[PDB]
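Everything on this sheet refers to the single structure shown next.
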Amino acid sequence: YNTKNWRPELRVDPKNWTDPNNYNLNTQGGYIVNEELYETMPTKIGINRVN
Amino acid sequence: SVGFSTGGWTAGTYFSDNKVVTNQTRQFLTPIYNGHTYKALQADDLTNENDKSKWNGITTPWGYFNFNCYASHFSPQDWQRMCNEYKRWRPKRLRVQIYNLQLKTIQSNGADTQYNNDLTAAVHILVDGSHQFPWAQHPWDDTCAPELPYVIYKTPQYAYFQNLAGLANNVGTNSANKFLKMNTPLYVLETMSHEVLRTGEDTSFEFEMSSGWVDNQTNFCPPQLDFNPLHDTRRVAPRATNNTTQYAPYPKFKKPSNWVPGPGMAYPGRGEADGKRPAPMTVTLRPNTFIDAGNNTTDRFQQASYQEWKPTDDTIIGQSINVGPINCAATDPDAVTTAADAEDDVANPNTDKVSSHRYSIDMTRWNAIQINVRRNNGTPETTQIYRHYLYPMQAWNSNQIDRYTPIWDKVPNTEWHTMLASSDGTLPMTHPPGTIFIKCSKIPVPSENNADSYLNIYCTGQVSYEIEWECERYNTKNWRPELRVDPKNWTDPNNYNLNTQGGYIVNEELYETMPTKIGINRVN
Amino acid sequence: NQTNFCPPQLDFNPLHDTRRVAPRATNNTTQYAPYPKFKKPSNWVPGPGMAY
Amino acid sequence: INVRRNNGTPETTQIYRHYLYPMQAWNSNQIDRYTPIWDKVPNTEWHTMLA
Amino acid sequence: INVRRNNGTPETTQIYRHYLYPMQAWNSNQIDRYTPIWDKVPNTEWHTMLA
Amino acid sequence: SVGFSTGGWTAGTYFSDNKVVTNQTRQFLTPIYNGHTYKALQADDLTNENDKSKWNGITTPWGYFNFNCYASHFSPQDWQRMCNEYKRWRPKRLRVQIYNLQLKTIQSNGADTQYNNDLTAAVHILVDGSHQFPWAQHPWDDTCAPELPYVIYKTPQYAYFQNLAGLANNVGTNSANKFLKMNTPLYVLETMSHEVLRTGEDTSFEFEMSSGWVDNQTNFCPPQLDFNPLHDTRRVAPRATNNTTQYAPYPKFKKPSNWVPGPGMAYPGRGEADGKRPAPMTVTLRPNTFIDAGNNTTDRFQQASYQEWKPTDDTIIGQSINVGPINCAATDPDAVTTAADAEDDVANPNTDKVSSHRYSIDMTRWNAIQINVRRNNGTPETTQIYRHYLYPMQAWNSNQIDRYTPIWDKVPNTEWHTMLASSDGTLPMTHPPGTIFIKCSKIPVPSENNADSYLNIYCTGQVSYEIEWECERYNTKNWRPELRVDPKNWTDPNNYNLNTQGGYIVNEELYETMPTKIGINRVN
Amino acid sequence: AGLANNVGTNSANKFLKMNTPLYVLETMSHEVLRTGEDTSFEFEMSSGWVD
């Protein structure tokens, strides 16, 4: 993408996660995904296109 | 140098079989806009209850040129000749020249205001050809270049949309509210490379245009009625008696057609005396992660059904999304929803003064659509379809346009769009001619206190703009003479003429239409 | 991967009037008044949808 | 959608099913990483736009 | 089509006129030997798919 | 000629795998400085007890351009993209163009002030590329080119240091006092060849830059903790019982490391409410042949020990040598000693408004260092090292920087220097981009009495400046997603945006950091 | 565990926990060998002297 936007844009990032330990392993070998809440890593989060 | 002109006056229209070329030159005036600075513009502060909007945006120091209208490129004479001699036309390309620039300082001496030229002052000229800035241009804006060639053209100031105050605000956590507010873009034209020009310099621009045709011809025959009555159809209509069906052939003058009337919506609008919800269609936006604060801090929604949020009237009015004309092939709203070019005194009725596209006699556009069923008790009943969408086997024509119609509109930049058939008569194009932005240079002056203080200047120059039009002459086997664009029907014989005060006389008693699609028949 | 911040209906310059006028119905006749600067009718229809 | 009756009463109703119509423009909804990539278009004579 | 009201009552209604919509796929109806081969598309600016 | 522009507006950022190119243009204003003359500047007269310095120097009629800051070259958007997409970057070269020059006379007519251009007036432009003049530039000066491209850039006035009044004075015979006073240099820019330009002329400059990298990645693993706990270490820890030593192996999760924590000093400073000695480190200078007069005519020293002279507090304050941040790899002072960009009303706390580099999560930077001994009576005791110098086998990382950080600093011109690892985040370079000095020509007017009387003028023009950045994209084998520079954590969603007054909104409620080294892990 | 944990807001605690990497060797290309296969490796070494 190229943009002429001045301001910074939203990006896919862990900061909004309820559970900081996510997509990580526990001591039993369990793969930890979305136990407390669904943590979305969606498309179309931040990149603006002009109309 | 300072004493050489960078161009000359170019004008006149060239006619030929396959192409028409229009040439216009205007003297223009560009002032300083917005105090040479960018500002946020919030409609909630500017409006009142009669018309309220949450529209937010940015006003810029820049200004721009607008060529989009036919009266800008065609005199009434030349428009008449287009409508009479050609079955269709479309713009192929636009060439713009800006030259003979003059930069004058505005300096007060005593009570007098003296105008002296600053020979080293410059003008900023930016062209955005890839549309990387917002494209703030509403097609029916009054900002277009003037119709009369000797009238000065004041360039309009550029401003664009940022967000809706009701949607984009500081509310909730991980909410569409904050994200719309966080993700709101800001555009500054000084972040793009552009030309700066002094009085001896000039510049030029060319834009290739791809689009659909403006059609000048009309269909006398409804596609459903094109058949030979002299002969029977093999096709038979059902007749329901008790639990069985008896069949009988369609009458010779009624033959069922494969061809469905085109899409249409006959919605006039609310017709209210306010400016709240004037359009036939309004739209409300509620992102699914939106948080309603139950205050005036956000838009308001009540849930009407499970997972359904109905906006309040204030929310509809606030987001101020107005869609029209939507009528497409429906002819009842034509007069009411296409209107333009009217000033409201309320002292005298403007009903017949206003311009609209109501004058089409085309037979592919429908008043009403009836669907027919029969209930179990044997009662036939018929209802009408007021909103009729795209359906297989539809064929229809666009509505007429006139000379005061805008030429193009910009197709929204989106993943998906349906066919581009406009109810207002513009030609939607993916890339319209790129916007030419113009700004007077900011000449600072020293100030003792820290202050932004500049030299008051303005720019004057000549803009020459040219469109090459692809056109096609008509051939017909019609025996009879056809309707043409002509003054004979005018209520006021003195029209597009000047009065003794220099006033240009247009449509004082009544709107005199010079529409497309008046006379030229095409066979079905 | 990209999002539209601007509704295609709202992309316009409020600083200027639209030539286009809205109908006002009094008795059997129509009076016309211009659309407000911040409400400009759009050619662009909201996309297809079903909320069920 | 907005209409006005003969007695002068404006009334507005909502369109819950809204089909393809001329001059529409819109975007797809977002996806995430757990979304399937493709689907098979049915083998048929006719199909509308794939959105 | 299926909705649920606020009081918890599900209700279903039928669509008797169903227009072109994204992601539709269908076939033409059968023909026989007494069917006409062709028809003329109306001469017009706009037409939808010929089915 | 007078009516031709000597350039155009150049802007925009180019991104690529191996290089990023920024382009900025600013309209600038250069006034007459210092009455077109050189003057001595003595701080003892300008200051008072709250902040006193013996600083002496020269103020010049010249002024200069300052490009040193990231916000000058990067919009918040472009800074975000650098931090997200690249593991490191450094400036390769700087290109500067000065053009479209305008020289206006300031002449009063009655109560009005009229601005007319003098077409034959000139501008002096001096570039010192070999740094033969003093380099007066403190990296955190507020004199840098403006962040917003449409803001006017007022060039700062140039002034430099000569000597310290306490050290350099007329005292003693054959003393460091007189020699410092005798040997004090004087620099006049009119003794170097330079360009003079009228409105039709322009000029350009290029500067090659060699430097270290700005690192965008963070170490999740302390180099001491990178080991496999599943296995024993052969290495055994001593256990002291009476006069003998018993050995036992280190635990599996504690394995002694060869790697020493990097150098650091955790000194906050005095934290006093005055401006006297604000830095963590202060330095006093006493040449060995210096003579103390026992008066206020010199600096004051008491001998504390044989051949040791301890300065009085007034002497420390007077010489005004302030050194910080010195913390290097120590993280406790990070917030307090790196702060910047704060105005003190004292009415509202600026604690969270101020910018500092406190946000690094890197694991190579230490809170505290403990050393461990055992006395003869069997008592173990542990103390901490508050100043920890360079030592063999140290490895550490720089602290984070933000967009408001200056890019470079000048390495002092000296025989010896240690490694260039900055606590403030600048890139020290032996030759920074040469300073471009600018001065309005001195146009004298005749005067009846002998007097220095000139014509009041100022210069306006456009400066275009460009940096080519060498950058590297990151590759990682990390499975999990990483932190990125993003608005989500902002207290104020409306940031780096404009308000309705044209104000540019930055960090009103709290400082919103867009730091380097936020998310990208490098393996130890 | 003392540094990286779920505590505070916008804190080094959560960021250390969020930003913790995970490495899985099956995400890198490598050889698989049966009994008849063999493999070899060479490593150039630069270092100081043992005196």
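Going by the structure tokens order, chains are called A, B, ..., each with residues numbered from 1, while ligands are numbered from 1 in the order shown.
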
Shell around residue 15 in chain C at 8 Å using only C-alpha atoms, local window under 5 positions removed, as a PyMOL selection string: (chain B and resi 157-159) or (chain C and resi 37)

For the residues in the current selection, export C-alpha atoms as a PDB file, in the first residue's frame.
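That gives us selection-v5.pdb:
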ATOM      1  CA  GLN B 157     -12.098  26.236  -1.962  1.00  0.00           C
ATOM      2  CA  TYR B 158     -11.246  22.585  -1.366  1.00  0.00           C
ATOM      3  CA  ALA B 159     -12.513  20.724   1.702  1.00  0.00           C
TER       4      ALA B 159
ATOM      5  CA  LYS C  37     -24.675  22.154   2.295  1.00  0.00           C
TER       6      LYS C  37
END

Strand (DSSP E) call set, DSSP backbone run, chain C, as a list in words: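 Of chain C, only residues 2, 3, 4, 21, 22, 23, 24, 25, 26, 29, 30, 31, 32, 33, 34, 49 and 50 of chain C fall in strand (DSSP E).
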
Contact residues (chain F, partner chain B, 6 Å, only C-alpha atoms) as a PyMOL selection string: chain F and resi 3-5+8-12+149+493+498-500+502

Write a file of the selected residues as an mmCIF file, in the first residue's frame, keeping C-alpha atoms.
data_model
loop_
_atom_site.group_PDB
_atom_site.id
_atom_site.type_symbol
_atom_site.label_atom_id
_atom_site.label_comp_id
_atom_site.auth_asym_id
_atom_site.auth_seq_id
_atom_site.Cartn_x
_atom_site.Cartn_y
_atom_site.Cartn_z
ATOM 1 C CA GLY F 3 9.548 35.996 -13.577
ATOM 2 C CA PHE F 4 10.818 32.407 -13.640
ATOM 3 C CA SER F 5 10.713 30.039 -10.687
ATOM 4 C CA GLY F 8 9.144 23.424 -7.475
ATOM 5 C CA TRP F 9 7.619 21.799 -4.439
ATOM 6 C CA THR F 10 9.130 18.377 -3.734
ATOM 7 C CA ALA F 11 7.480 16.120 -1.171
ATOM 8 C CA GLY F 12 6.538 12.551 -0.406
ATOM 9 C CA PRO F 149 4.808 21.090 5.713
ATOM 10 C CA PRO F 493 -8.122 9.004 19.827
ATOM 11 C CA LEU F 498 -6.386 19.225 13.434
ATOM 12 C CA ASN F 499 -8.951 21.095 15.493
ATOM 13 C CA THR F 500 -11.398 23.740 14.306
ATOM 14 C CA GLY F 502 -6.184 24.993 12.941
#

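Our summary of the geometry notes that CA of residue 255 in chain B is positioned 17.5 Å from CA of residue 34 in chain E.
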
I'd like a table as JSON lines: residues in chain A with an atom no more than 8 Å from chain C, each row giving the shortest atom pair and its distance in Å to one decimal, only C-alpha atoms counted, sorted by chain and rising residue number.
{"residue": "A:43", "atom": "CA", "partner": "C:1", "partner_atom": "CA", "distance": 5.1}
{"residue": "A:44", "atom": "CA", "partner": "C:1", "partner_atom": "CA", "distance": 4.3}
{"residue": "A:45", "atom": "CA", "partner": "C:3", "partner_atom": "CA", "distance": 7.0}
{"residue": "A:46", "atom": "CA", "partner": "C:3", "partner_atom": "CA", "distance": 6.9}
{"residue": "A:47", "atom": "CA", "partner": "C:2", "partner_atom": "CA", "distance": 4.7}
{"residue": "A:48", "atom": "CA", "partner": "C:3", "partner_atom": "CA", "distance": 5.1}
{"residue": "A:49", "atom": "CA", "partner": "C:4", "partner_atom": "CA", "distance": 5.5}
{"residue": "A:50", "atom": "CA", "partner": "C:4", "partner_atom": "CA", "distance": 6.6}
{"residue": "A:51", "atom": "CA", "partner": "C:6", "partner_atom": "CA", "distance": 6.3}

Using only N, CA, C and O atoms, please write the residues we just selected to a file, as a JSON list (two decimals), in the first residue's frame.
[["chain", "number", "residue", "atom", "x", "y", "z"],
["A", 43, "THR", "N", -8.60, -8.75, 8.77],
["A", 43, "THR", "CA", -8.26, -7.90, 7.65],
["A", 43, "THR", "C", -9.04, -6.59, 7.73],
["A", 43, "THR", "O", -10.01, -6.46, 8.48],
["A", 44, "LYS", "N", -8.58, -5.60, 6.97],
["A", 44, "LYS", "CA", -9.27, -4.33, 6.81],
["A", 44, "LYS", "C", -9.32, -3.53, 8.10],
["A", 44, "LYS", "O", -10.25, -2.75, 8.31],
["A", 45, "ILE", "N", -8.36, -3.73, 8.99],
["A", 45, "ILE", "CA", -8.42, -3.03, 10.27],
["A", 45, "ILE", "C", -8.07, -1.55, 10.09],
["A", 45, "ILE", "O", -8.85, -0.67, 10.46],
["A", 46, "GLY", "N", -6.89, -1.26, 9.56],
["A", 46, "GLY", "CA", -6.45, 0.12, 9.51],
["A", 46, "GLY", "C", -6.24, 0.86, 8.21],
["A", 46, "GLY", "O", -6.23, 2.10, 8.22],
["A", 47, "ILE", "N", -6.09, 0.17, 7.09],
["A", 47, "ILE", "CA", -5.55, 0.85, 5.91],
["A", 47, "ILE", "C", -6.67, 1.56, 5.18],
["A", 47, "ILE", "O", -7.58, 0.92, 4.63],
["A", 48, "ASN", "N", -6.60, 2.89, 5.13],
["A", 48, "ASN", "CA", -7.64, 3.66, 4.48],
["A", 48, "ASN", "C", -7.38, 3.73, 2.98],
["A", 48, "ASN", "O", -6.24, 3.89, 2.54],
["A", 49, "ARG", "N", -8.44, 3.61, 2.20],
["A", 49, "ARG", "CA", -8.40, 4.00, 0.80],
["A", 49, "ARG", "C", -9.33, 5.20, 0.67],
["A", 49, "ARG", "O", -10.36, 5.26, 1.34],
["A", 50, "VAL", "N", -8.94, 6.17, -0.16],
["A", 50, "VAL", "CA", -9.82, 7.31, -0.39],
["A", 50, "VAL", "C", -10.93, 6.90, -1.34],
["A", 50, "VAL", "O", -10.74, 6.07, -2.24],
["A", 51, "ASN", "N", -12.11, 7.46, -1.12],
["A", 51, "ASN", "CA", -13.23, 7.23, -2.00],
["A", 51, "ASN", "C", -12.94, 7.75, -3.41],
["A", 51, "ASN", "O", -12.21, 8.72, -3.59]]
